[PDB]
Each structure stands twice: as C-alpha cells, then as structure tokens.
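Data block below; observations after.
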Amino acid sequence: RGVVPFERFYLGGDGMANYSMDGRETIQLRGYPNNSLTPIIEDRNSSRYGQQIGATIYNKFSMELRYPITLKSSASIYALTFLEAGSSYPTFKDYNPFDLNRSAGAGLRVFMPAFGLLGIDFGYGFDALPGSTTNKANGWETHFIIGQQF
Amino acid sequence: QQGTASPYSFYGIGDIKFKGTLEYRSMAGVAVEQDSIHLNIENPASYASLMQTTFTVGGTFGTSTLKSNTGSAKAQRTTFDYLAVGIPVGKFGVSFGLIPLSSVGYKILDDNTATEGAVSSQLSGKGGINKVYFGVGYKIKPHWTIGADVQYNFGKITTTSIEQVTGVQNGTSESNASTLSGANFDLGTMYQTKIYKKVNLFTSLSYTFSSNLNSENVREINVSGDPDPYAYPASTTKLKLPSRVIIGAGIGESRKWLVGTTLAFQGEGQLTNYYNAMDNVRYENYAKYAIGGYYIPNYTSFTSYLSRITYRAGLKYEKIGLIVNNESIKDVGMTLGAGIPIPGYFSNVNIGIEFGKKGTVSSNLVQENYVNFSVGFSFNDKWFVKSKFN
Amino acid sequence: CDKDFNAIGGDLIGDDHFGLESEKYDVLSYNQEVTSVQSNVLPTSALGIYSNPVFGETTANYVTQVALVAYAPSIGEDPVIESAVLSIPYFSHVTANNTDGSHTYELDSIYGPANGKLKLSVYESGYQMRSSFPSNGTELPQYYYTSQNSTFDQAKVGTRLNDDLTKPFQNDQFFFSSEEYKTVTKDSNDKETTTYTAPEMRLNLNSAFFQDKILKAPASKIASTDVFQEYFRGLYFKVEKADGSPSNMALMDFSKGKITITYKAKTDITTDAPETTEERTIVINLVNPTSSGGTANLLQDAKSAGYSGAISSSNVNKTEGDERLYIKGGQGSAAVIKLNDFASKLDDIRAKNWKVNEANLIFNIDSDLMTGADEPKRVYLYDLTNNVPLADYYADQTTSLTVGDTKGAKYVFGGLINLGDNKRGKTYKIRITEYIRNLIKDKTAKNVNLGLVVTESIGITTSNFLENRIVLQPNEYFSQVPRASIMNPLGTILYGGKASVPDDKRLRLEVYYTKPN
Ligand SMILES: CCCCCCCCCCCCCC(=O)O[C@H](CCCCCCCCCCC)CC(=O)O[C@@H]1[C@@H](NC(=O)C[C@@H](CCCCCCCCCCC)OC(=O)CCCCCCCCCCC)[C@H](OC[C@H]2O[C@H](OP(=O)(O)O)[C@H](NC(=O)C[C@H](O)CCCCCCCCCCC)[C@@H](OC(=O)C[C@H](O)CCCCCCCCCCC)[C@@H]2O)O[C@H](CO[C@]2(C(=O)O)C[C@@H](O[C@]3(C(=O)O)C[C@@H](O)[C@@H](O)[C@@H]([C@H](O)CO)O3)[C@@H](O[C@H]3O[C@H]([C@@H](O)CO)[C@@H](OP(=O)(O)O)[C@H](O[C@H]4O[C@H]([C@@H](O)CO[C@H]5O[C@H]([C@@H](O)CO)[C@@H](O)[C@H](O)[C@@H]5O)[C@@H](OP(=O)(O)O)[C@H](O)[C@@H]4O)[C@@H]3O)[C@@H]([C@H](O)CO)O2)[C@H]1OP(=O)(O)O
Ligand SMILES: *[C@@H](O)[C@@H](COC(=O)CCCCCCCCCCCCCCCCC)OC(=O)CCCCCCCCCCCCCCCCC
Ligand SMILES: *C(=O)CCCCCCCCCCCCCCC
C-alpha cells in the first residue's frame, strides 16, 4: 500500500510548531536553511525532480550550554551555545542513524510576558546540503523565532 | 559525515566502531566490576546492577595519519558514538539504546592529470551497520547477575568509484549499494566475591551468538552526459556474523582502585560481500587482549576535588582478523581517561584520549596512527519513588 | 572539516567493473565543389577583390533593390538638387580616443592588403528583381545565384553614378577609408555643433540623374513600392583592379546603406510668396537583405591550379577517399564525410552494452600547403542528408568565455581553430558524442552523410540552395549548403581519411567507450 503522503517530517532551519492539521512536523537544525535537509525526489526525469517529498524517519541530537544573564519575572534573558547533529531519511532501508548533518553556533534568548519568547541564533553548517555537487560546508546561517517553535 | 577514514574499512563490514562507553572504553574495554551508575552495554548482566536511571551519550573527534611506502596523509573524523538508557526495575534491569556496529569510510584520489589519455580514479566509501538493542538483567544473588539481550543489525554500505580520462570531459561513476539486516542474541553473567580484606575479585563472562545478515546489492554504472544508466540485476548475498566470547577478571577495592584483564575471541564468520571480494585478502579469527583499571585517590574528600575524579587507563592489543598480502592486521593502543562527577549528583562527564597504531607499512600495506579525543555524558536520576502520606 | 581527499591506500580498494577505453575508426572523405549557390538572403555581403595565394582570386559584386522611406512624397515646387551622397557604414571599432573630441577607427572584416585599391563603379540596375513568383498553383520563392553577374552586368543603364572625376578616391582609385568625417555647423544661433560619424562609404552620385529620376519624376512612379521598384530597379556595385595597386575585399552590411538627396524647393510660402527657397531632403534606403529577396552577391572566383585539380571530378575518389580536403567558403567547396567503418561494427557495439563517453573528429591542417594564406577561424559540421544541424549542435548550450564574443560559442561542439605557438592553425576538433550515442542507442536510426564546410558565425544555421543539385551517388544528392559558408571567403586544407595518409595525420573517428565487464 505504501507510506501515506501526510504526517511527514521536514528537517532544517529555524523550525516551527505543529500548527498544521495534516501532521506535518518541522524540525529545527540550526546552521542550515529551512527544510534544506528533507529528502528530495531524485528520479531526475520524473518531471518533479528536486521537489521535497518528505521524510519518514528523523533523529536529532543536540547539546547546549546556557548561562542566565537575568531571570526576573519582567524579563528572562539567557545566552546559549550549541552542538547539533541531525538527519532525515525517506525509508527504513535508508536509515543511517549515525550519518548526520553537524552544526555549531551560539544564540541569545529573551522572554518577556507581553512580547513573548524572542530568540536569535547563529549556526554554522559543517556539511553540504543534499543534492549539492561540491562537498563544501553549508556555512553560517541566522535564525530568528518568536514563541516556542518546537 | 563518514565515521572512519581507514582504507581497511572497505573489507568486511567496515571498521568496528563501538568498543564500549567512554567510562569503559578508557579502560581498554575492561568491565569486570558491577557498577551502579554506568552502563556496560557489552554485558547484559550489568543492567541488573543499576541503582538509578541512566542516560548516556557520547561523541569523539578522531585524528589519523595514513602512512604507506609512497607517502603520508592526515585525516580527521568526528562522530556520534552512542545513546543508551538504563532503567532499574526491582531485582531486574532493562536497557535499550542505539550503537554503531561498524563504519565504512575512505576518500582516495588517484590524480593522473597533466597527461593526456590518463585515467583518474576517485574511490570513496560511506555507510555502515548500526545496532538496536534491548536487554534485561536479573540479580540471581546480591552480587551475582545474569542477563540476555536481543540486537537488530541494520545499515547500508555504498561504494562509489568514478573514473575520468584526462582528455574526455564525460567520465563514468560506478556505485555499489548493499542493505544489510539481521538479528543476534547475547548472554552474560557477572560474579563478584571478596578474596581478601576490602579486596574483591571481579569476574564477567559474555557470549554472543552467530547471526545471519541479509544483504541486498544494487550495482549501477553511470556515464556523464548519458541519461540512461546501466544497471545490473539485483542480487542477495548472505553474511554470517561470528560469535564472540568475552572473559574478564580483575581485583580491586570498590571506589578505591581496580586492575583487570579481558580476553575476547570471535568464531568463524563470512564478511565477504560481492564488491569486497579479493584474492590477496583473507580472514582469520578476531582476538583482543586488554589490561586496564581505574584509581580514585579519595572519593569521599572535602578538601580537594581532584581526588574525587576517577582516573582510568588501559592497554590493548587487537587482531582485527583480516590478512592482507599475507600480513595479519593488528591494532595496538593505549587509553587514558578521567571521570568528573557533577557536584550534588551521580551524573558525571567522562573525558578520554586514545592513541595507537593499526596496520603496517610492510608488504605495501597502510599504517594508521590515531589520536582520538572522546567525551561522554552519564546522567543518573532516581525514578519510580512512591509518595506516601495520601 | 573532513572533505579532503588523499592518495594513500588506493591499491587496497578493489577494481571497478567498467573499462574506459578508446577506439579508432576510419572515415571516407572526398571533395565536392560548390557550384552557383543562392546569395539572396545573405545578412553580410562581400564587395571587392581578394587574392589568396593557395585558393586563388575571388571578385565579389553586389546588386540590391532601393526603396523610399515614405512613398508618395511631396518634393515641392521647383526643386533643385544640391547633392546626392551614398553612405554605407563600415564595420569599425574605435581604437584610440583623441583630444578635441573626434576618434580613431580601424576597419574590420577587411580581407587583403591594407593598401589595396579598387575601381568602384555604381550603376543603376535595369533588371527587375522579385522575392517570389506564382507557379502552376504554387507560390515559389525567387533565388539569385552567385554566377548571375553577367545578367546584372548586361542589363545596366547609363554610366556609373559615382562619376565625380575631381575625387579619385571614390572612383578609379577607391579604397575603404577609416576617416571620422568631422562636420561643424554654426546653426546653433551662432554656436557650433561638432558632430562625428563613424567610417562609412561616402560617394557623390550624379546630381543630374537624381534630378529627373526623383525630383522631376512623375508622381505615378513614386506612389508605392511596387511602382517605384519597377521605375528604379536597383543599384549595381561593380569592382575592378585599380591601376598599379593591389586589391582588397570587405564584408559590408548594406541594410544600413542609403542615398540622401538634398535639394531646395519653393517652400509652402503663400505668406510672403517670394522666390525664396527651403532646404529639403529625401532618403533612398537600400532594401534589407533579410526582409527582402532583391539582393544578390555576385561572387566570381579564379580557382588556382592546385585547388581546381583537387576539387575536380576527375581527381576525386568516392570509394577510398581523398588525401587532402579543400574546403572554401562562398562558391568554393565542401567535404563529404561518411562514417562507414563505425556503421559496420555498430551491430557488435550495441550487443556488448558499450556506452559512449565522448566521440570526436580531429581535422589536421596541412601547414606546409596552407602557408601565407589567412586561415578560417572556425569550421562547421552538419548533416548533408537531411541538411540540418547535428544533435550535438543543439545539445551544446555553452557560450564563449570572452564577453561579447558570440562567434566563439558552443566550444564543446568544437570547430574552432587550434593555433600553435607560431600563430598558425594546427587542427580543428569537433565532438559528435550525441550523434554516435543515438546510433547505438536507437536501432532504427541510420548513419547519414556528414558535410564539413567553413563557417562565419555558428549562430547562422540556415541553408542556401544550389542552382542545380549534384548527384553524389545513385540516390544521394548535394542540394544545399550552410548559409554561413557562403559569407566566409576563406578556405583551409586538411588531411583526408585515405589509408595512404600517415596515421598521425590521417582523419579518423575516435570514440571513448565505457565497456562494462
Ligand atoms: C518489536 C517493536 C515493534 C516493531 C515491530 C516489528 C517487528 C515485527 C516483524 C516485522 C517484520 C515483518 C516483515 C513483513 O513481512 O511484513 C512487512 C510489514 C510489517 C508491518 C510491521 C508493523 C509494525 C507496527 C509497529 C507499531 C508500533 C506501535 C512488509 C513486508 O512484507 O515487507 C518485506 C520486506 N521487509 C520489510 O519491508 C520490513 C521493514 C521494516 C518495517 C518495520 C520497521 C518497524 C520499526 C519501527 C519501530 C521503532 C520503535 C522505536 O524493513 C526495513 O524497512 C528496514 C529495517 C528497519 C530498520 C528499523 C530500525 C529501528 C530503529 C530504532 C531506533 C530506536 C522484506 O525484506 C526481507 C526482510 O524482511 C524484514 O526485514 P528487512 O526488510 O530486510 O529490514 C524481515 N524481518 C524483520 O523483522 C525486520 C524488522 O524490521 C525488524 C524490526 C526491528 C524493530 C526495532 C525495534 C526498535 C525499538 C526497540 C527499542 C529497544 C527480515 O528478517 C531478518 O532477516 C531480520 C530478522 O532475522 C527478523 C527478526 C528481527 C526481529 C527484531 C526483534 C526485535 C528487537 C528490537 C530490539 C533489538 C527479512 O530479511 O522483503 C520482502 C519482499 O519479499 C517479496 C514480497 O514482497 O512478496 C517476496 C520475495 O520472495 C522470497 C521468498 O518467497 O521467500 C523472499 C526471501 O525469502 C528470498 O528467499 C527470496 C529469494 O531471494 C528470491 O530469489 O524469495 C521476493 O519476491 C520473489 O518471491 C516469489 C517466490 O516464489 C520466490 O521464488 C517469486 O514468485 P514466483 O516466481 O511465481 O515463484 C517472485 O517472482 C514473481 O513475481 C515477480 C513479479 O512478477 C511480481 O511483481 C511485483 O510483486 C512482488 C510481490 O511479492 C509484492 O507483493 C514484488 O515482490 C516483486 O518484486 C515485483 O515488483 C517477478 O520477479 P522478477 O523476476 O521480475 O524480479 C517474477 O517474474 C515472478 O512473477 C519473486 O522472485 C521479493 C522481491 O524480490 C522484491 O522485489 O518480494 C517484503 O515482503 P515479505 O515477502 O512478506 O517479507
Ligand atoms: C575547518 O574549516 C573548521 C571549520 O571552520 C569554520 O568555518 C569554523 C566553524 C564555526 C566554529 C564554531 C562557531 C560557534 C562558536 C561556538 C562553538 C560551539 C561550542 C559548544 C561547546 C558546548 C556544547 C554546547 O573546522 C573546525 O573548526 C573543526 C571542528 C572540530 C570540532 C571537534 C570537537 C567537537 C566535540 C567532539 C565530541 C562531539 C560532540 C558531542 C559531545 C557529547 C556526546 C553526545
Ligand atoms: C568537520 O567535519 C568538523 C567537525 C564537525 C562538527 C563537530 C560537532 C558535531 C556535533 C555532534 C553532536 C552530537 C550530539 C550531542 C548531544 C546529544
């Protein structure tokens, strides 16, 4: 029957909460663009080559060091440093849990009751985006989000 | 994103990556003592000795310098080593996690440019076999534990060879992909006694059964410019993972010092696939000899914190089991480490440095000198505590 | 940071299952002279005499139809012609910006010695030209060939218009100049207007002729284009060798040529009603060679002994081939290339599942014979059977690295000259990978005949018909030739595919295969 076309996983970028009702999940992997690590159609001559079909498997590992600069009720500000690695796969036969896209960087997060959660992060991608001819690092990236985008 | 850079990963199922957690990897794999805060993934009986829930994660940064009779090259690799969870359930112990069985990786370039009509090859390899495990341990006695586990092996090994002549601009790129899947079972036991005053005798025995690996191969040849690839008929080959018997014994005082030795032997296996079949390469039985231990100056010390850090060290001699050019490939190395306990909790941060030499430059082979730096996180917390005073 | 490669341990990895090797195949190539070709829609035409040491001397003439910018004009009352000047811009580039405004130009596309002079004669054509003509129920196109110089030369009326004997640089001693023709007009109420014009062909035509031909002509003759073209059929440009001076040839774009008639009329008056006069001007533009079929390039060539002998039907071997290939532009010659050897083994190539990495044809220039003559900058290979570009031409979308060099595009396809350190041509390489791939991939495909001919621009891929089709073989014909070949007046000598030619210089097809094992 095949895997359903809905309820798929999209990895890469700033990430977004599960606001959609179709089950689509956006995972955050700093240092790379949005949905840049999702598997793409590789049939080339399928008239839809390069389109992101969605992933059925995903695993992300992250480590962070946070230091609080202010933790008052009016405003809570803390700095963080991260070391992430994650990847998405199209099927179980292609699942390689230890073949991940690594990234590193730092960010700042500010939380105000009226303005909500504000976050700015700078990540560096140590791997190339899927479908890239040259095996070169993705490079620096900037991510900005408002609210709990998990 | 590869895990290894050794050309020897081409043969067999790749280079053996997992060799224990940083706490045990820093002791050359000697896990005789029945720890209460660390996970001994290689022995299922250790799951029963856990006293608090344990969550472990590890990573390493490897640096190697490949040397041959022609020249030398430097390579570095960074990878995620493991993820395991331990849960104490009464007299039982349950553990589940994900570990890398083997890894395939090499990036060799034969530059024959500057001369018209010369073929240039760009050999590359990636992938490996991963393992998922679920083990249960039981305390037959307060100091005697037995356990069993089930492990499912899965992974994909892809080998690519691209050749391009100096003159023409359209080259060819042959790629071989193999998907492996299988399951195996492990059995173990750990017994601890008290020979002398405050001195204990630790013993551990583990056995891994032989498993059958199913490999689905797909070989396709592509040429630049041509939109139609030449694909070979699909094939299915069967591999046999050899059985392993690990015997360990040591003497020492708990929380003070420990000295032990471990002997690991492997049976007969069939790791030769369709793409790695060669005539100059053979296989033999794997055998590892290691000696290691730890030393804690004063665990219950309030003056100096350096006395509470667990200092580990170990020596290891391994016979990989492959004979290339009639020369047995052996790996010799030394490991050092330290376990820093986070104040106020049983959780700790492990740091280790391993250096050694694999292979030899004789008989036109390749020798690899590596210096690996690893970091591990062991988190412990007590769960399932009932709250009275209804 | 683990994306670097190394050269350690390559001997331990197993060998692949494909064999990258190249094969050599013989080619059948012979010479085929190009008789009178169609010169009706050539974007660029040649005007002058070019002397080639190896090929010979070629004389190029030109005939065109004239047109009026605005028909049914109001010339005025009592018109008196002041001057009749014909201006045709030359292909030139600014080479050195000078002070006091002005510029310094260098003529481009000039073939022959820089000091050459020719006797230019501009006559009024008396041969009506048409773009199409009705036939037995069909509207056939009108074609003018390169060998029709006699027809246009015999039907010429009067004497040459450029009869101003006071200026010998416009007649009897004409030479393509590079002046800037500085003009100053104090008409800005007193201020001057220093206006400069790029180099162009300026000729003073007979004022008396244009007085009665246009200024004093019946209104029924200039009412429309059909009547005007019947009245003023066109202009004929004849070139001859000047007295005691060499000759040169130039490629011009006559679409921008025009003859402006400046005269004085009696003005609309009615206010002052005096004998006053006003300045008026009428422009007689030359028809566009692309939008009209009333332009022909009369090319006459005096083939040399060696060139004529090689292209002669008595010295051409269609079975084995020719040792030397003489390909010249214009009404010159081409080369028929057949890949018979590859076709014979085509059955076994497709049975072994071999794949083609690249296919190429390397043409070696005969430096010893091609000495002292200008060499063509590029060659073109097409399909002689279907008279269409090869599949490789369309599949190559590469553009020239140099900015603004549209002539060097499609470098992957090939054809560009490969000059050595001596600044002389050495060889031409053309890649036909796609053509060979289709032959092995598709079983119903047939090996067509290939034609090699000099080309001026790779963009122009149209074809011009021959007055009389040539029968190459029982059911094989040579009816058309690439349009870019007629425009190029140069030619080159290449080594043929005969078995007698040395293997290092012989023409042969080289195919690189990926033999799967
Ligand atoms: C416990 C926790 C919960 C988990 C539960 C799961 C456990 C339960 C068990 C599940 C297994 C069930 C499988 C099943 O069955 O259901 C499947 C459905 C299962 C539903 C499960 C639901 C789960 C619910 C969960 C709920 C949760 C709440 C579907 C299926 O079935 O798919 C099957 C697929 N498997 C999967 O997809 C699973 C997937 C996995 C999916 C599930 C993943 C779940 C994970 C999620 C959990 C995560 C939680 C956190 O894997 C993968 O994704 C990769 C691995 C995954 C990685 C996981 C990572 C985890 C990470 C975790 C990290 C934390 C399978 O692969 C093999 C493996 O399967 C599993 O593993 P793998 O896949 O390898 O991984 C096994 N077992 C497993 O347990 C693996 C599990 O993953 C393990 C689970 C792991 C869990 C981990 C838990 C983690 C959490 C725990 C934490 C602690 C493995 O065992 C093993 O070794 C392994 C082991 O030992 C087993 C035991 C292991 C147990 C583990 C213990 C637990 C331990 C845990 C802790 C350690 C085993 O090796 O291939 C089969 C194809 O076979 C057929 C077919 O389809 O019919 C027939 C074939 O014939 C056979 C035969 O007959 O015998 C087969 C062989 O025997 C062999 O001998 C072969 C010869 O070689 C032939 O030469 O012949 C052949 O056809 C031929 O057969 C005929 C016959 O006569 C032969 O002659 C011929 O007829 P004729 O000629 O007339 O005679 C035919 O020709 C005719 O027809 C042709 C055409 O005309 C017809 O046209 C078309 O139609 C055909 C029709 O057939 C199509 O219908 C097509 O096929 C044709 O191609 C064609 O296109 C022409 O052909 P041509 O000539 O032109 O070519 C020809 O001319 C002629 O006409 C033709 O030739 C073939 C064709 O070649 C393909 O093209 O097709 C598929 O069908 P199947 O046959 O039914 O099996
Ligand atoms: C080579 O070009 C160079 C890359 O060059 C760059 O462009 C620089 C990359 C950007 C540098 C980082 C920028 C941000 C600063 C903060 C860094 C993050 C620190 C986090 C520490 C606390 C954790 C949150 O290549 C390199 O620079 C090579 C990098 C090699 C790094 C090797 C060491 C990594 C650690 C090894 C263990 C794996 C980590 C997981 C540990 C827990 C186990 C689960
Ligand atoms: C070139 O490859 C440079 C090294 C690549 C970056 C190294 C950092 C990798 C991060 C891994 C994080 C693993 C998970 C941490 C906690 C679960």
Side-chain angles (χ1 to χ4, degrees), chain B residues 1-2 5-8 10-11 66-68 70-78 105-111 117 119 121-125 159 161-165 167-172 174 176 219 221-226 228 230 232 275-278 280-281 324-325 364-366 368, chain C residues 1-24 349-360 362 391-392 395-398 411-414 418 427 429 431-442 510-517:
Chain B
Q1 84 302 335
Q2 307 167 351
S6 168
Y8 291 116
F10 173 78
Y11 306 114
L66 296 309
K67 297 195 305 179
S68 181
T70 64
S72 183
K74 264 107 285 181
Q76 71 178 29
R77 297 288 186 270
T78 303
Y106 57 88
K107 296 166 75 278
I108 312 169
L109 174 63
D110 181 67
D111 194 22
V119 183
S121 194
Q122 207 162 327
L123 312 169
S124 180
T159 290
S161 170
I162 149 186
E163 273 194 349
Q164 313 215 11
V165 341
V168 321
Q169 191 52 51
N170 290 338
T172 125
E174 178 168 316
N176 312 42
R219 179 191 298 164
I221 306 179
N222 300 270
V223 7
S224 183
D226 201 321
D228 175 68
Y230 176 76
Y232 287 88
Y275 67 93
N276 51 18
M278 302 282 293
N280 51 318
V281 181
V324 190
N325 292 335
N364 298 310
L365 298 176
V366 183
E368 323 171 1
Chain C
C1 293
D2 57 315
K3 286 77 184 297
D4 309 333
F5 275 84
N6 63 111
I8 302 296
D11 212 358
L12 295 178
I13 317 298
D15 203 74
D16 43 64
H17 299 96
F18 65 87
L20 232 176
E21 300 159 38
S22 76
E23 302 267 300
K24 289 291 201 309
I349 304 314
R350 70 219 320 177
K352 296 187 246 294
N353 316 285
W354 289 359
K355 304 191 87 63
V356 174
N357 294 93
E358 214 187 61
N360 56 85
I362 299 179
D392 346 307
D396 191 7
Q397 313 295 351
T398 48
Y411 46 79
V412 179
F413 178 56
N418 297 125
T427 184
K429 180 194 285 192
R431 297 180 188 76
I432 53 174
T433 314
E434 309 299 334
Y435 169 80
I436 294 297
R437 281 200 177 118
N438 194 28
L439 287 185
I440 74 177
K441 188 108 60 177
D442 185 17
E510 191 173 26
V511 191
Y512 287 83
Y513 292 105
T514 293
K515 315 190 179 187
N517 57 262

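Reminder, nothing fancy here: chain letters follow the sequence lines and each chain counts from 1.
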Residue among B/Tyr8, B/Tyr106, B/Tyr275 with most heavy-atom pairs under 4.5 Å to chain C: B/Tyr106
Minimum-distance pair of heavy atoms, taken over all atoms of B/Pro7 and C/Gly9: CB-O, 4.0 Å
Separation between CG of B/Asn176 and CG of C/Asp16, rounded to the nearest 0.5 Å: 9.5 Å
Heavy-atom check, side chain of B/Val324 versus side chain of C/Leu12, under 4.5 Å: yes
Pair C/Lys441 + B/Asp226, salt bridge at N-O below 4.0 Å: yes
Flag side-chain contact, heavy atom, 4.5 Å: B/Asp228 against C/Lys355: yes
Set of residues satisfying ring pair (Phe, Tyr, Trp, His ring centres under 6.0 Å) with respect to C/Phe18, sequence neighbours excluded: none
CG on B/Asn170 to CZ on C/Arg437, rounded to 0.5 Å: 5.5 Å
Heavy-atom pair count under 4.5 Å with chain C, highest-scoring of B/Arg219, B/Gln1, B/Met278: B/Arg219
For chain C, the option from B/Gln169, B/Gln164, B/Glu174 that forms the most heavy-atom pairs under 4.5 Å: B/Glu174
For the student: nearest non-hydrogen atoms of C/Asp2 and B/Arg77, plus distance: CB-NH1, 3.4 Å
Greatest number of heavy atom pairs closer than 4.5 Å to chain C - which of B/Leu365, B/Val168, B/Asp111: B/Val168
Toward chain B, the part of C/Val356 with a non-hydrogen atom under 4.5 Å: backbone
Residues, nucleotides or ligands: over 12 heavy atoms within 6.0 Å of C/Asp11 CG: no
Distance (rounded to the nearest 0.5 Å) between B/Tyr230 OH and C/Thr514 OG1: 12.5 Å
Interatomic distance, C/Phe5 atom CZ to B/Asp110 atom CG [nearest 0.5 angstrom]: 12.5 Å
B/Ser72 portion near chain C, given a 4.5 angstrom heavy-atom threshold: backbone
Chain B contacts, top residue of C/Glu434, C/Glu358, C/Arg431 (heavy-atom pairs, under 4.5 Å): C/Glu358
Distance, nearest 0.5 Å, that separates CD1 of C/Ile13 from CG of B/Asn276: 10.0 Å
Any side-chain heavy-atom pair of C/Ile8 and B/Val366 under 4.5 Å: yes
Region of B/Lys67 in contact with chain C, defined by heavy-atom distances below 4.5 Å: backbone
Under 4.5 Å from any heavy atom of chain B - which part of C/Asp4: backbone
Chain C interface, residue from B/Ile221, B/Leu66, B/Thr172, B/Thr78 that has the most non-hydrogen pairs under 4.5 Å: B/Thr172
